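Taking it in order: structure first as structure tokens, then the write-up.
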Amino acid sequence: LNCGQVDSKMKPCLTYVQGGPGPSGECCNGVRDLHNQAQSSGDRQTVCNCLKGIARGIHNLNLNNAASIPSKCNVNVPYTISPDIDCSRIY
Ligand SMILES: CCCCCCCCCCCCCCCC(=O)SCCNC(=O)CCNC(=O)[C@H](O)C(C)(C)COP(=O)(O)OP(=O)(O)OC[C@H]1O[C@@H](n2cnc3c(N)ncnc32)[C@H](O)[C@@H]1OP(=O)(O)O
């Protein structure tokens, strides 16, 4: 009960970076949302670890696309933006 939202809100964005059925629309809002939504108990810092764990092995991390999520999805948060994302460099 912590890394559920994770997906509920960014499924289309992780799909996007590993090469699946995203980011279309649901990602940008899911994203803008998450930036502003994952501010309950620090969620994105929890998310980080969830990301890290799948990332761990994943499919085709197109980090360029990932680092392009924010620019593409008007969510302007510095959010670390990296393969094995560290929770300590998020905002
Ligand atoms: C504000 C963000 C935007 C910043 C600016 C843009 C730049 C962003 C740059 C980084 C890009 C990537 C960002 C990712 C953000 C996310 O948080 S998306 C998370 C990573 N995505 C995935 O892992 C997608 C692939 N999905 C799975 O591996 C699996 O389907 C998941 C883990 C999503 C779970 O599936 P569900 O089946 O939907 O889970 P369920 O609804 O039953 O229940 C949730 C609960 O169960 C755990 N669970 C279930 N099944 C799994 C599997 N197979 N593996 C792991 N965990 C599983 C979930 O962890 C969750 O745990 P709770 O603690 O919430 O109970």
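Residue numbering restarts at 1 for every chain of the structure tokens, chains are lettered A, B, ... in their displayed order, and ligands are numbered from 1 as they appear.
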Contacts of stretch 18-24 of chain A at 8 Å or less, counting only C-alpha atoms, minus same-chain residues fewer than 3 places along, as a PyMOL selection string?
chain A and resi 11-15+27-28+58-62
Keeping only N, CA and C atoms, write the selected residues as a short mmCIF file (atom, residue, chain, number, x, y, z; two decimals), in the first residue's frame.
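Contents of out08.cif, as written:
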data_model
loop_
_atom_site.label_atom_id
_atom_site.label_comp_id
_atom_site.auth_asym_id
_atom_site.auth_seq_id
_atom_site.Cartn_x
_atom_site.Cartn_y
_atom_site.Cartn_z
N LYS A 11 1.71 4.82 -15.24
CA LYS A 11 1.78 3.64 -16.14
C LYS A 11 2.25 4.08 -17.57
N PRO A 12 1.48 4.96 -18.20
CA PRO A 12 1.79 5.49 -19.56
C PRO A 12 3.16 6.16 -19.66
N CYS A 13 3.68 6.58 -18.53
CA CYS A 13 5.02 7.25 -18.63
C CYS A 13 6.10 6.21 -18.50
N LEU A 14 5.95 5.28 -17.58
CA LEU A 14 7.05 4.27 -17.52
C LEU A 14 6.95 3.56 -18.89
N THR A 15 5.76 3.10 -19.26
CA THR A 15 5.58 2.40 -20.61
C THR A 15 6.40 3.24 -21.57
N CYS A 27 -0.23 10.12 -19.93
CA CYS A 27 1.08 10.34 -19.24
C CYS A 27 1.15 11.82 -18.85
N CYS A 28 1.27 12.75 -19.77
CA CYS A 28 1.34 14.18 -19.36
C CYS A 28 0.46 14.56 -18.18
N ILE A 58 14.21 -3.95 -16.37
CA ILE A 58 13.31 -3.42 -17.48
C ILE A 58 13.49 -3.95 -18.93
N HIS A 59 12.92 -3.22 -19.84
CA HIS A 59 12.95 -3.53 -21.30
C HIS A 59 13.92 -2.62 -22.15
N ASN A 60 13.46 -1.46 -22.58
CA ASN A 60 14.32 -0.53 -23.39
C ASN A 60 14.37 0.91 -22.85
N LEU A 61 14.94 1.10 -21.69
CA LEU A 61 15.00 2.48 -21.14
C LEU A 61 15.52 3.58 -22.12
N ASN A 62 14.59 4.33 -22.61
CA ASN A 62 14.85 5.43 -23.56
C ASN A 62 14.90 6.69 -22.66
#
Check which residues fall inside 8 Å of ligand 1 when counting only C-alpha atoms and all ligand atoms, and print them as a JSON list (two decimals) with C-alpha atoms, in the first residue's frame.
[["chain", "number", "residue", "atom", "x", "y", "z"],
["A", 1, "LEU", "CA", 0.00, 0.00, 0.00],
["A", 2, "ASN", "CA", 2.42, 2.69, -1.23],
["A", 3, "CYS", "CA", 3.60, 1.89, -4.77],
["A", 4, "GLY", "CA", 0.05, 1.52, -6.27],
["A", 5, "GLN", "CA", -0.53, 5.18, -7.13],
["A", 6, "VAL", "CA", 2.89, 4.76, -8.76],
["A", 7, "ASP", "CA", 1.20, 3.17, -11.66],
["A", 8, "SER", "CA", -2.38, 4.43, -11.24],
["A", 9, "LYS", "CA", -0.82, 7.71, -12.32],
["A", 10, "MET", "CA", 2.42, 6.96, -14.36],
["A", 11, "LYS", "CA", 1.78, 3.64, -16.14],
["A", 12, "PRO", "CA", 1.79, 5.49, -19.56],
["A", 13, "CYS", "CA", 5.02, 7.25, -18.63],
["A", 14, "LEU", "CA", 7.05, 4.27, -17.52],
["A", 15, "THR", "CA", 5.58, 2.40, -20.61],
["A", 17, "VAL", "CA", 10.45, 5.23, -21.30],
["A", 30, "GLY", "CA", -0.68, 11.50, -14.95],
["A", 31, "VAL", "CA", 2.73, 13.24, -14.70],
["A", 32, "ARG", "CA", 1.64, 16.86, -14.03],
["A", 33, "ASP", "CA", -0.67, 15.14, -11.55],
["A", 34, "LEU", "CA", 2.04, 12.96, -9.88],
["A", 35, "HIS", "CA", 4.39, 15.98, -9.58],
["A", 36, "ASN", "CA", 1.58, 17.78, -7.70],
["A", 37, "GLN", "CA", -0.18, 14.60, -6.46],
["A", 38, "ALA", "CA", 2.78, 12.67, -4.96],
["A", 44, "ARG", "CA", 7.76, 10.42, -5.56],
["A", 47, "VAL", "CA", 8.05, 5.93, -6.33],
["A", 48, "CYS", "CA", 11.80, 6.37, -6.95],
["A", 50, "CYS", "CA", 9.59, 1.38, -7.18],
["A", 51, "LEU", "CA", 11.12, 2.83, -10.43],
["A", 54, "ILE", "CA", 11.66, -2.30, -12.15],
["A", 55, "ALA", "CA", 14.35, -0.21, -13.91],
["A", 63, "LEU", "CA", 16.08, 7.84, -20.88],
["A", 66, "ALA", "CA", 12.07, 10.01, -20.02],
["A", 67, "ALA", "CA", 14.09, 13.26, -19.63],
["A", 68, "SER", "CA", 11.79, 14.54, -22.38],
["A", 69, "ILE", "CA", 8.66, 13.55, -20.37],
["A", 70, "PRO", "CA", 8.72, 16.87, -18.39],
["A", 71, "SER", "CA", 9.35, 19.15, -21.36],
["A", 73, "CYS", "CA", 4.24, 17.25, -20.43],
["A", 75, "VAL", "CA", 5.25, 19.41, -15.46],
["A", 76, "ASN", "CA", 8.54, 21.40, -14.94],
["A", 77, "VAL", "CA", 9.83, 19.50, -11.85],
["A", 78, "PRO", "CA", 13.64, 18.77, -11.67],
["A", 79, "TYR", "CA", 12.74, 15.18, -10.52],
["A", 80, "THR", "CA", 16.36, 13.76, -10.76],
["A", 81, "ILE", "CA", 15.53, 12.17, -14.26],
["A", 82, "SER", "CA", 17.85, 9.06, -14.37],
["A", 85, "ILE", "CA", 16.67, 7.35, -10.14]]
Per-residue DSSP, chain A, filtered to helix (DSSP H, G or I), as a count of residues only:
50
